[PDB]
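Coordinate inspection notes
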Amino acid sequence: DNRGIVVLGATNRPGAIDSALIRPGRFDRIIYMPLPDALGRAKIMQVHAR
Amino acid sequence: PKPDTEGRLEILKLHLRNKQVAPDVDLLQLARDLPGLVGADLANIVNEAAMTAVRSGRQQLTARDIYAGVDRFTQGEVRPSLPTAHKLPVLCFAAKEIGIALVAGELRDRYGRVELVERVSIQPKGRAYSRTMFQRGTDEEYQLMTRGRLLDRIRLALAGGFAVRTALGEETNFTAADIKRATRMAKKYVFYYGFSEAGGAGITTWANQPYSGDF
Amino acid sequence: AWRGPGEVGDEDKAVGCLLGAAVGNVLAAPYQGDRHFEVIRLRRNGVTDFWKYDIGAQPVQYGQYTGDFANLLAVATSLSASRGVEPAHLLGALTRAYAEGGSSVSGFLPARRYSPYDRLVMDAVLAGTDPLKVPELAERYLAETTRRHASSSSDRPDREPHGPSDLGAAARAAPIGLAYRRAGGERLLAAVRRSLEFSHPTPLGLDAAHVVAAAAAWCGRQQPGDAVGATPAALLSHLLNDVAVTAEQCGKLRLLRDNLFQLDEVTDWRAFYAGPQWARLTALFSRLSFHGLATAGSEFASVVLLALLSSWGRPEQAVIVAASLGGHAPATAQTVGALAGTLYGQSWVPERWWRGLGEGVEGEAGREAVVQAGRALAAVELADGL
């Protein structure tokens, strides 16, 4: 019953992950959240600000 | 026993037995250039090559999608590119790799010990900003370190920093890592292997033999 | 120190005025925004040939000039057509030389490198804004940039004072000065004020363009012969006595007059860049410009006059020095070459620069179009205002 189930496995290591779960139908989706630059930082401050 | 060479060729052919492969992708060179890898990583590499070809809007032609699939799991993730603001980082992290590839080609001339350059990236993909990949020669060429091979390796180490210096007209910190590698290689050249002329025949009275990884 | 052809015809003078700006803008194109100590180490043999491997934001192709020389060429062609200064036709030619291709993302992504204020002004006059309300859309940032300068004193180009006191007013005033050369001084001042009515209405930009145009006019009048007319001190005295009204412009021109040693003939540029003459030149240039960036009109005109008069009698050395000074290198070298061409005709341009101009992406037809613009600038008549 994986209808709508979702697991976000926060990984602070890109190049060390189990070889079995990186297959299709599994943990094969990857999101590199980058550090913000000037624009992004500024917007964060403005959001907190208001 | 991890598969290698012929076993890696068999694994790559098994995972590419239902997908069209362009003739420009050297399967033997790809198998020799990916040592120690198993089927549980080559399947992912072929998978990501197929998905990159699908996202590229064409069939699996050219070697760039295969190289991107290899890079996605050897140098994981893709960092944002170098900024176009200011001409410093695009010049430094192109000059070092251009100089390394140029020195590799020049040492492939005359001597021939230095292997050919596969690619230079300069797009940051994980823990690094630029790369130079070397077309790993066959084994039994790596089972023995020669004096000329070590000299060529020292030159290839110094090449990136001296190329950055030649491009900028200025010394940078890019020579620090190259100096750190080349000094260790030169100490192995002089002391342990005894390739130098120290004492008139190269045999020093002291050498630092490396220890095992079990410590 | 007098070149060679002691008498130069007006045709040769005007074609040299166009071609010196052409070769300066092409030669100093990849060094925009770089500093002099970075430039003299990038090009250790000197900036003597056109560069083929620009790697910057908008990589300038081999033999290609930038938007500053595009605006100068548009000003020259519009002035030759109108026999004077008419702002409507001037902006028509400026926009015709601006909308030559790009990507409407709609900043239009111009084919050549353009100043930020120049791009803003052209986009505003192409966006329906009338070309007399400068602060209506030209105070986008600028005033907000001054309000944002309250906690930073950077020399970064993003914080350079680009606006109505920019150098684009004085970068394209040399054709106006050469056309209004024998029509007097007051009419030349009126022509310059007509020319900058849509982009640079400030007294600082007006004085910068006035100094440049008056120098161009003067250069056109005198001939490269005896030192009675060939004297940088006389040019500076004439500019100070007749053209320089503002305080900062006056002070920069006197700071030039006091100093201004004459550079010797230079063969080994690698040895020259490590020499006391280049050290003194860089010290004076750093006194006349903030951190190598003469964004202000007074600083830019003083830097142009320094690069032109410090190597008096060697216009090629002047253009190379202005290219190697960095900062706003293409506009500075274009203005120095334009003044050197108003002085000397088409005989000092080396065959390497001729072949590089001809063999580039803006070549053959472009080089002969620059020559034809010079011919039209020589052949245009005005009868003291027409």
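As recorded in the PDB entry, chain C goes by the name ADP-ribosylglycohydrolase, listed as coming from Chlamydomonas reinhardtii. One UniProt comment on chain C, placed under Catalytic activity (unreviewed entry), says "alpha-NAD(+) + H2O = ADP-D-ribose + nicotinamide + H(+)". As its UniProt record puts it under Sequence similarities (unreviewed entry), chain C is described as follows: "Belongs to the ADP-ribosylglycohydrolase family."

Further remarks concern the overall build of chain C. Each helix and strand in chain C was counted, giving 20 helices and 0 strands. For 386 residues, the compact-globule estimate of 2.2 N^0.38 gives 21 Å, and the C-alpha radius of gyration of chain C, at 19 Å, lies within 12% of that figure. Taking the principal axes of the C-alpha coordinates as reference, chain C spans close to 50 × 50 × 45 Å. Evaluated residue by residue, chain C yields a buried proportion of 58% over its 386 residues. Accessible area of chain C: about 15,100 Å², with a carbon and sulfur share of 52%. On chain C, the mean spot of the 36 positive side-chain charges and the mean spot of the 40 negative ones are 3 Å from each other.

When the 2 pairs of chains in contact are compared, the highest contact count belongs to chains B and C. Chain A shows no contact with chain C. Their nearest C-alpha atoms sit 14 Å apart.

Our focus in this paragraph is helix 13 (residues 247-258) of chain C. Residue and element names in this part refer to chain C. Along its 12 residues, helix 13 runs 16 Å from first to last C-alpha, staying within 8% of the 16 Å computed at 1.5 Å per residue. Listing the buried residues of helix 13 in full gives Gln249, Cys250, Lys252, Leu253 and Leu256. The arc that holds the buried residues of helix 13, viewed along the axis, is 165°, so those residues lie on one side. For helix 13, the exposed residues lying more than 90 degrees away from the buried face are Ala247 and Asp258. Along its buried surface, helix 13 packs onto helix 11 (203-221), helix 12 (232-242), helix 15 (276-288) and helix 16 (297-309).

Time to look at the nonpolar core. Of all hydrophobic cores here, the largest spans 122 residues; its most connected members are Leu18(C), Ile176(C), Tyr180(C), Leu239(C), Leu253(C), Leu305(C) and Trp353(C). Looking at this core element by element, the count peaks at 12 residues for helix 11 of chain C. Of all hydrophobic cores here, the second largest spans 16 residues; its members include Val25(B), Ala31(B), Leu42(B) and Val70(B).

In this structure the tally under the stated criterion is 18 aromatic pairs over all chains. Each residue in the set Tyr189(B), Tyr192(B), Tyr193(B) and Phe195(B) is aromatic and connected to the rest through ring pairs, giving one cluster. If you follow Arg110(B) out to its NZ or CZ, it ends over the ring of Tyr111(B), 5.0 Å from the centre. Sitting over the ring of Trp354(C), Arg367(C) keeps its end group 4.8 Å from the ring centre.

Note that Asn71(C) resides in helix 3 (residues 67-82). Among residues more than four places away in sequence, those in contact with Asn71(C) are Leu94(C), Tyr114(C), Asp118(C), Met122(C) and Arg172(C).

On the surface, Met145(B), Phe191(B), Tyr192(B), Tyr193(B) and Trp206(B) cluster together into a nonpolar patch covering about 470 Å² of accessible area. Of the residues examined, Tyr192(B) reaches a relative accessible area of 34% and is grouped as partly exposed.

Before going further, it helps to spend a moment on the interface of chain C and chain B. Taken together, the contacts link 11 residues of chain C with 10 residues of chain B. Surface buried jointly by chain C and chain B totals about 800 Å² across both partners, of which 56% is contributed by carbon and sulfur atoms. Looking only at chain C, the three residues that lose the most surface to chain B are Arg41(C), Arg44(C) and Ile55(C), adding up to 47% of its buried area. Taken together, the links from chain C to chain B amount to 1 salt bridge. A salt bridge links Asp34(C) to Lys87(B), with the nearest nitrogen and oxygen atoms 3.2 Å apart. On inspection of chain C and its partner chain B, the count reaches 4 residue pairs in polar contact. Its residues assigned to classes, the side of chain C that touches chain B comprises 5 nonpolar, 2 polar and 4 charged.

Conventions and cut-offs
Residues numbered from 1 in each chain as written, not as in the entry; some residues may be left out. Chains lettered and ligands numbered in written order. Part of a larger assembly, values for the part shown. Heavy atoms only, no water. UniProt positions renumbered as here; feature names shortened; annotations may be inferred. Helix = DSSP H or I, 4+ residues; strand = E, 2+ residues; numbered from the N terminus. Rg over C-alpha atoms; globule rule 2.2 N^0.38 Å. Buried < 20%, exposed > 50% of the residue type's maximum accessible area, 1.4 Å probe, protein only. Areas by Shrake-Rupley, 256 points an atom, 1.4 Å probe, with all protein chains shown as cover. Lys, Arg positive; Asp, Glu negative; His and termini not counted. Charge placed at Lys NZ, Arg CZ, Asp CG, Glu CD. Contact = heavy atoms within 4.5 Å. Expected span 1.5 Å × (residues − 1). Arc of directions from axis to C-beta. Core = buried A, V, L, I, M, F, W, Y, C linked by side-chain atoms within 4.5 Å. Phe/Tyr/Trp six-rings, centres within 6.5 Å; stacked < 30°, edge-to-face > 60°. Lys NZ or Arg CZ within 6 Å of the ring centre and 35° of its normal. Patch = residues over 30% accessible without salt bridge, like charges linked within 9 Å, V, L, I, M, F, W, Y side chains within 5 Å. Salt bridge = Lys/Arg side-chain N within 4 Å of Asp/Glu carboxyl O. Buried area = accessible area lost by both parts, 1.4 Å probe. Polar contact = N/O pair within 3.5 Å; in protein donor to acceptor, adjacent residues only side chain to side chain. Nonpolar A, V, L, I, M, F, W, Y, C, P; charged D, E, K, R; others polar.

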